[PDB]
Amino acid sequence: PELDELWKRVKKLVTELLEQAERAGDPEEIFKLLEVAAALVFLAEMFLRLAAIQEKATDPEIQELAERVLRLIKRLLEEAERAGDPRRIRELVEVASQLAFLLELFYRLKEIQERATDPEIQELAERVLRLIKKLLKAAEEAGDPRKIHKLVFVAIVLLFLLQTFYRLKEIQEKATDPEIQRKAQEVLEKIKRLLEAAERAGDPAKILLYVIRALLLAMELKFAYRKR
């Protein structure tokens, strides 16, 4: 498929960063260039998750979001080959790697959808992917990769919130501790309110703030329920 040429772009950028590290004198500059080259290799590893995402069992909403992410990654790698500033190349590769991390989270969400039995988890997964759809559309129109990084960061933490909602529902389905059950319903209701506020927010920074508040509340219950 199109991964054969995406890897061809990745392998070309790695050798360019490898040669740039040899012609550098500052050891801090040398290591920073090697970090970007190694991040491109890890980026190519995330491409191998597309085959599982493209399977017939995967929710077509996740498949369309993975396709938008692949086009954004290719666009950023193309721009990296038309950039000379090492800081500009470093930012472009980093945002492309952050976009590739969404593919790993898209795969984990696909596995969650395969096992989860609560219908509210599925309905709220579609609410989160709807919000990620908007963040991805804004990233496709943005020319500044710093703006793309912000929108992708919010999409990543939203998928964290979704996995967190799945874990809390799992605790609610199995916990025999009445205090854990009371805390779980309390946190789930607060998280649903915070998710509704994040859906009405037009500022990605406000969305991120609400999601962090929701992840903070649930992390407290997850630590209280852990085996130890």
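Throughout, we count residues from 1 along the sequence that is shown.
For the pair 62-70 and 167-175, the mean Cα B-factor is higher in 62-70. For the segment pair 89-97 and 146-154, the entry gives 89-97 the higher mean B-factor, averaged over Cα atoms. Within the selection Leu161, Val187, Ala44, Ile180, the deposited Cα B-factor values reach their highest point at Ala44. In the deposited entry, the Cα temperature factor of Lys110 places it in the highest third of its chain's modelled residues. The entry lists a Cα temperature factor for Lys32 that places it in the middle third of the chain's modelled residues. Among the modelled residues of its chain, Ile53 has a C-alpha B-factor that falls in the middle third, as given in the PDB entry.
Placement of the Cα temperature factor of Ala24 within the chain: highest third of the modelled residues, per the deposited record. Sort the modelled residues of the chain by CA B factor and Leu131 lands in the middle third.
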